[PDB]
Every structure is written in C-alpha cells, then in structure tokens.
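**Q** Here's a structure for you.
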Amino acid sequence: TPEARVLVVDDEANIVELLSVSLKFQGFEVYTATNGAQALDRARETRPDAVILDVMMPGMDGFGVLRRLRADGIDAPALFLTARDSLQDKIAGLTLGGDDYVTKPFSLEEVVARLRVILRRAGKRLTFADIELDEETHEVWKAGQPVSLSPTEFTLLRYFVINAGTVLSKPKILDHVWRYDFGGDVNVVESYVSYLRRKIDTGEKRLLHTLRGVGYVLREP
Amino acid sequence: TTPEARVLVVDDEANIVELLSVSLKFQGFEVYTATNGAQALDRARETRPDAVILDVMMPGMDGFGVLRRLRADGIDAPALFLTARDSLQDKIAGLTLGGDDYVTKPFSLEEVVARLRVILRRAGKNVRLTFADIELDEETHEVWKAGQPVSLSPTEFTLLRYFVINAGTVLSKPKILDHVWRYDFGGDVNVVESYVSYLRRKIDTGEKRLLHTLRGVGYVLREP
C-alpha cells in the first residue's frame with residue numbers, strides 16, 4: 001500500500017513536476033491537476049488522503065478550489081503553498097481544521113514533514129491468550145513482557161492470531177507472509193515458525209501446534 | 001494584560017535575538033531574551049511568558065533539552081522552534097508535540113509572527129450579554145437591537161457594555177469618562193454627552209426609552 005494518496009493542484013508545471021517526483025520517491029501515490037476543474041475530477045476518481053495546493057492560481061485562488069472540493073464531500077486535509085506577503089491577511093483560511101501551509105520559497109523537507117503531520121491529525125490491539133500485538137507500531141508482548149520480532153515474524157504472528165484455531169498449511173503461510181513474491185522451499189516456513197515459537201510460545205501450555213503432514217495452528221489448549 | 005503576549009526568545013546567536021525582538025516589539029509583543037538555558041530558566045520565572053521561541057541548534061545543550069527543563073519547572077507555554085531543514089524527518093516528533101510548532105531556516109519574520117499567533121490561540125483553552133432587546137458579544141463586538149445587527153465604534157461599544165453590565169445604576173459623566181477612556185482622557189465631560197447621544201441614536205430607537213438622563217446626576221439604562 002502507498003503511505004497516502006496525494007493530489008497536487010498548481011498551475012505552475014515545473015512545481016507540479018518537482019512535487020510529484022519528490023513525493024513519489026518518498027513512497028506517496030501522487031495525482032496532479034493544473035486548475036480547479038481538473039482538481040474536482042481527479043479527486044472523485046482517486047479519492048485523495050491529502051491535497052497540496054498553491055494559493056496563487058489563475059482565475060480562482062486556492063481557497064475557492066478547496067471550498068468547492070469540500071462541498072463535494074472531499075474532506076481530505078490540505079497543505080497550501082503560499083506567499084509570505086499575504087500571511088497576516090490569510091492566516092484564518094490557511095490553518096482552519098487540520099490544514100497547514102508552507103511559504104514560498106519552500107523546501108521539500110518541509111513539504112513532506114507538514115504533509116505527514118496533517119495526515120496523522122486526520123486519522124480519526126490484538127490479543128490472544130497472553131500474547132498482545134499493536135498493528136500500528138509492531139510492538140509485541142508475552143505475559144506483559146516486550147518481545148522483539150523481525151517484520152516477518154510479526155506478520156507470521158499476526159496471521160496465526162487473526163486465524164486462531166485454523167490449521168494453516170505451509171503453502172498458505174508462505175503465500176501470505178511474503179505476499180506471493182516468494183515461491184521457494186516451504187522449510188523457510190518451518191524455520192520462521194521455529195523462531196516464532198522460541199520468542200512467544202515459551203509458557204506452561206503450548207499455544208502453537210504442529211499437526212504433522214497438514215499444518216500449524218494456534219490454539220490455547 | 002497590556003501586550004498581545006509575553007514572548008521569551010532563546011537563541012545563542014545575538015543578531016537573531018536582536019532581529020526577532022525588534023520585530024516582535026514592533027508588532028506589540030512584550031519580549032524577553034536569553035542566550036542559553038540557564039538564562040532561559042531565570043527569565044521564564046521572572047517574566048512568566050506566554051510563548052517561547054527557541055533555536056534548536058545551540059551550544060552544549062540543544063533546544064529540546066532547554067524546553068524539557070522549562071517544562072519540568074511548570075512553565076507550560078507553547079514553543080516555536082527555529083530549525084534546520086536537514087533535520088526535519090528525524091526531529092518531527094519533538095518539533096510538533098502538543099501545541100508547539102516550528103519554522104525552518106532561513107525564515108521570514110511574517111512566518112514567525114503567524115506561527116506564533118496560531119500557537120497562542122491554540123493555548124488559550126462563549127461570552128454574551130443581554131438586556132431587554134439589546135445583545136452584545138464581548139469577543140467579536142457584534143451588537144443586536146431587536147434581532148437587527150448594529151454597527152458601533154469601539155468607544156460606543158465600551159459605553160454600551162458599561163451601561164448593560166451596570167443596568168439600573170445611575171452612572172455619572174465623570175465615572176463614565178474614567179472607564180470608557182481608561183483614565184487617559186480628562187477633558188470636557190460633554191464628550192460623554194455626545195457619545196450617549198450617538199449611542200441612543202443607534203440602539204435606543206422609538207417605543208420604550210431604555211437609556212435615561214437623570215438631569216444633573218447622570219445616565220441610567222433601565223426599563224421605563
């Protein structure tokens with residue numbers, strides 16, 4: 001998944017190019033528009049998580065374009081590119097809700113950082129037996145105690161928890177854990193289940209079982 | 001509170017301390033300054049600032065450390081950081097926690113001032129007055145008369161608010177004059193007569209008279 005879908009609205013083509021190349025290189029899915037009409041069309045087609053728009057635009061300024069978008073039910077937060085001479089006059093429009101701005105001449109570092117903050121502001125614990133996971137941060141706990149897991153062990157633990165009680169064959173685990181990218185020996189699944197038992201299945205009762213010839217299952221006996 | 005806000009500027013670069021305080025003072029901020037963390041903690045206790053501006057890059061102890069210590073002493077004012085662009089992705093959590101914000105170097109004064117006003121507003125955590133068919137908002141200064149907006153000058157507003165808050169009390173020209181012009185003005189009391197007259201012409205119109213003259217004594221806002 002991309003980190004977010006961003007729509008860039010600016011009538012200056014070289015700034016559209018710069019912003020989208022940067023954002024794409026940072027892992028964002030970027031869509032573009034050179035005016036208000038193109039902006040409303042792209043926002044309906046691509047449903048963005050954030051909008052970057054230049055306040056200075058031909059015909060209709062960046063506030064007007066944003067009003068129209070918001071009237072169509074597009075509620076994504078916005079980042080304005082704005083001139084410094086107009087700051088005390090425009091401050092109310094520039095920072096309402098969860099919107100923010102950068103002033104010209106701007107840096108890409110700043111654009112990216114202010115974008116991540118508005119995305120975080122706009123966003124509004126799996127348990128099994130004595131195991132707990134946070135899907136957001138990837139922290140794992142075992143009887144209250146922090147456990148350090150690699151990205152693959154985490155994915156593997158989550159897959160077992162979400163499917164607690166289901167017998168999961170090596171091929172099903174292999175497809176899921178490496179997202180169909182990997183098609184080599186299933187005994188990699190055997191290694192990972194082994195690492196994962198060594199880190200989280202260390203209590204009185206065995207939680208992670210092998211049904212020999214068939215698969216693995218997580219069940220509190 | 002005379003000034004728009006008390007601001008403490010913490011930076012080890014003297015020409016930037018100078019620039020910032022001159023601009024801020026010219027915008028009507030009361031400004032205090034420090035060149036290091038020890039002077040920062042001392043000035044914050046003496047002057048109880050509403051906001052702190054601090055450079056992240058400082059000798060010995062960086063700007064986060066100085067802020068941690070101010071905050072442990074109970075100084076909870078929001079902070080604006082002056083920060084380099086190279087360190088944004090690494091420092092973003094410290095730079096925007098709570099109601100803090102930042103500007104990147106090289107910065108404009110417009111931007112510093114704007115971001116400061118926003119943090120000050122965010123840190124200040126509605127207010128209405130009524131009498132008969134008159135209504136006031138102390139926040140925006142809007143006035144209404146039988147539902148109808150009425151446009152008052154700042155003085156007319158202060159005057160109408162004074163009457164409403166003291167409805168029923170006979171207020172003499174000297175008391176009115178002292179309050180309306182904050183003791184700054186001590187000239188002829190017939191200025192009070194003029195303003196009462198302007199005020200009566202805007203909010204005291206026809207039917208029952210709400211604003212009365214007790215001749216030789218003063219004015220009172222009361223139902224007839």
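**Q** Name the one entry in B:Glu18, B:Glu30 that is surrounded by fewer than 17 Cβ atoms within 10 Å (Cβ to Cβ) and among the charged types (D, E, K, R). Show your work before the answer.
**A** Details: B:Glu30 fails: surrounded by fewer than 17 Cβ atoms within 10 Å (Cβ to Cβ).
Answer to the check: B:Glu18.
**Q** Continuing with this model, one more query. Which one of A:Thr103, A:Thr155 is closer than 30 Å to A:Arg219 by Cβ and either touching an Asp or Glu at 6+ places or on another chain (Cβ under 6 Å) or outside the structural domain of A:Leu19 (by CATH) (or both)? Give the steps one after another, and end with the answer.
**A** Values: A:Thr103 fails: closer than 30 Å to A:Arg219 by Cβ.
Checking each option against the conditions leaves just A:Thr155.
**Q** Related question: Hey, B:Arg48 hits all of (1) closer than 28 Å to A:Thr103 by Cα; (2) surrounded by fewer than 18 Cβ atoms within 10 Å (Cβ to Cβ) but one; which does it fall short on?
**A** Exception for B:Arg48: condition (1).
**Q** Please specify each residue of the range B:103-155 satisfying the condition of being within 14 Å of chain A (Cβ to nearest Cβ), in contact with a strand residue (DSSP E or B) (Cβ under 9 Å, 6 or more places away or on another chain) and of a type in the set (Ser, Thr, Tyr).
**A** Result: B:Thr104, B:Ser108.
**Q** Go through the range B:76-93 and report how many residues are out of contact with any strand residue (DSSP E or B) (no Cβ under 8 Å at 6 or more places or on another chain) and either aliphatic (A, V, I, L, M) or closer than 30 Å to A:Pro105 by Cα (or both). If you could, list the steps in order and put the result at the bottom.
**A** Our first condition is that a residue be out of contact with any strand residue (DSSP E or B) (no Cβ under 8 Å at 6 or more places or on another chain); within the range B:76-93, this holds for B:76, B:86-87, B:89-90, B:92-93.
Narrowing further to those that are either aliphatic (A, V, I, L, M) or closer than 30 Å to A:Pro105 by Cα (or both): B:86-87, B:89-90, B:92-93.
So the count comes out to 6.
**Q** If you go through the range A:10-39, how many residues are over 24 Å from the mean Cα position of the chain (by Cα), closer than 17 Å to A:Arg68 by Cβ and among the aliphatic types (A, V, I, L, M)?
**A** Taking the range A:10-39 and keeping what is over 24 Å from the mean Cα position of the chain (by Cα), we get A:10-15, A:34-38.
Pick out the ones that are also closer than 17 Å to A:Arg68 by Cβ and you get A:10-11, A:34-38.
Subsequent filtering for residues that are among the aliphatic types (A, V, I, L, M) retains A:37.
Number satisfying all stated conditions: 1.
**Q** Go through the range A:6-56 and report how many residues are in a strand (DSSP E or B) and either farther than 21 Å from A:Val112 by Cβ or not β-branched (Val, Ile, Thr) (or both).
**A** Our first condition is that a residue be in a strand (DSSP E or B); within the range A:6-56, this holds for A:6-9, A:29-33, A:50-54.
If we keep only those that are either farther than 21 Å from A:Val112 by Cβ or not β-branched (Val, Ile, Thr) (or both) as well, we get A:7, A:29, A:31, A:33, A:50, A:53-54.
Residues meeting the conditions: 7.
**Q** Return yes when A:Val140 is among the aliphatic types (A, V, I, L, M) and within 30 Å of A:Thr202 (Cα to Cα) and no when it is not. Outline the logic, then answer.
**A** Numbers: among the aliphatic types (A, V, I, L, M): yes; within 30 Å of A:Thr202 (Cα to Cα): yes.
Spelling it out, A:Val140 is indeed among the aliphatic types (A, V, I, L, M) and within 30 Å of A:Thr202 (Cα to Cα).
**Q** Of all residues in the range B:79-102, count the ones that are more than 9 Å from chain A (Cβ to nearest Cβ), surrounded by 18 or more Cβ atoms within 10 Å (Cβ to Cβ) and among the aliphatic types (A, V, I, L, M).
**A** Here the count works out to 3.
**Q** Oh, and also: So which residues in the range B:138-157 are assigned to a strand (DSSP E or B) and surrounded by 14 or more Cβ atoms within 10 Å (Cβ to Cβ), if there are any at all? Working first, answer last.
**A** The first filter runs over the range B:138-157 and keeps only residues assigned to a strand (DSSP E or B), leaving B:143-145, B:148-150.
B:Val143, B:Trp144, B:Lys145, B:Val150 - these are the residues of the range B:138-157 that are assigned to a strand (DSSP E or B) and surrounded by 14 or more Cβ atoms within 10 Å (Cβ to Cβ).
**Q** Yes or no: A:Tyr180 outside any loop (DSSP other than H, G, I, E, B), over 19 Å from the mean Cα position of the chain (by Cα) and surrounded by fewer than 19 Cβ atoms within 10 Å (Cβ to Cβ)? So that I can check it myself, show each step before the final result.
**A** Numbers: outside any loop (DSSP other than H, G, I, E, B): no; over 19 Å from the mean Cα position of the chain (by Cα): yes; surrounded by fewer than 19 Cβ atoms within 10 Å (Cβ to Cβ): yes.
So A:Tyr180 fails the test.
**Q** Checking the condition away from chain B (no Cβ under 14 Å), farther than 24 Å from B:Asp90 by Cβ and within 23 Å of the chain's Cα centre (by Cα), which residue from A:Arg67, A:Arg42 passes? Let's see the steps before the verdict.
**A** On the way: A:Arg67 fails: within 23 Å of the chain's Cα centre (by Cα).
Exactly one residue qualifies, and that residue is A:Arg42.
**Q** Out of A:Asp175, A:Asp99, report the one residue that is under 26 Å from B:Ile92 (Cα atoms) and touching a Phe, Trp or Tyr at 6+ places or on another chain (Cβ under 9 Å). Talk me through it step by step, then tell me what you get.
**A** Details: A:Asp175 fails: under 26 Å from B:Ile92 (Cα atoms).
A:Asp99 is the lone residue from the list that is under 26 Å from B:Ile92 (Cα atoms) and touching a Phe, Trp or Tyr at 6+ places or on another chain (Cβ under 9 Å).
**Q** Is it the case that some residue within the range A:6-15 is closer than 18 Å to A:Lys90 by Cβ, in the same structural domain as A:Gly97 (by CATH) and touching a strand residue (DSSP E or B) at 6+ places or on another chain (Cβ under 8 Å)? Talk me through it step by step, then tell me what you get.
**A** Taking the range A:6-15 and keeping what is closer than 18 Å to A:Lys90 by Cβ, we get A:9-10.
Keeping just the survivors that are in the same structural domain as A:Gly97 (by CATH) gives A:9-10.
Imposing the further condition that a residue be touching a strand residue (DSSP E or B) at 6+ places or on another chain (Cβ under 8 Å) reduces the set to A:9-10.
Within the range A:6-15, one or more residues are closer than 18 Å to A:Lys90 by Cβ, in the same structural domain as A:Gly97 (by CATH) and touching a strand residue (DSSP E or B) at 6+ places or on another chain (Cβ under 8 Å).
**Q** Another question about this same structure. Quick check on B:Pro59: is it part of a loop (DSSP other than H, G, I, E, B) and within 13 Å of chain A (Cβ to nearest Cβ)? Spell out how you get there, then give the answer.
**A** On the way: part of a loop (DSSP other than H, G, I, E, B): yes; within 13 Å of chain A (Cβ to nearest Cβ): no.
So B:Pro59 fails the test.
**Q** For the range B:62-100, give me each residue that is in a loop (DSSP other than H, G, I, E, B) and in contact with a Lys or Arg (Cβ under 6 Å, 6 or more places away or on another chain).
**A** Our first condition is that a residue be in a loop (DSSP other than H, G, I, E, B); within the range B:62-100, this holds for B:62, B:73-78, B:84-87, B:96-100.
Scanning the range B:62-100 gives B:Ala84, B:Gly99.
The values are calculated or read from the model by the stated rules, or taken from the named source; nothing here is a laboratory result. Cβ coordinates were reconstructed from backbone atoms using ideal geometry, including for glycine residues, and neighbour counts include every protein chain displayed.
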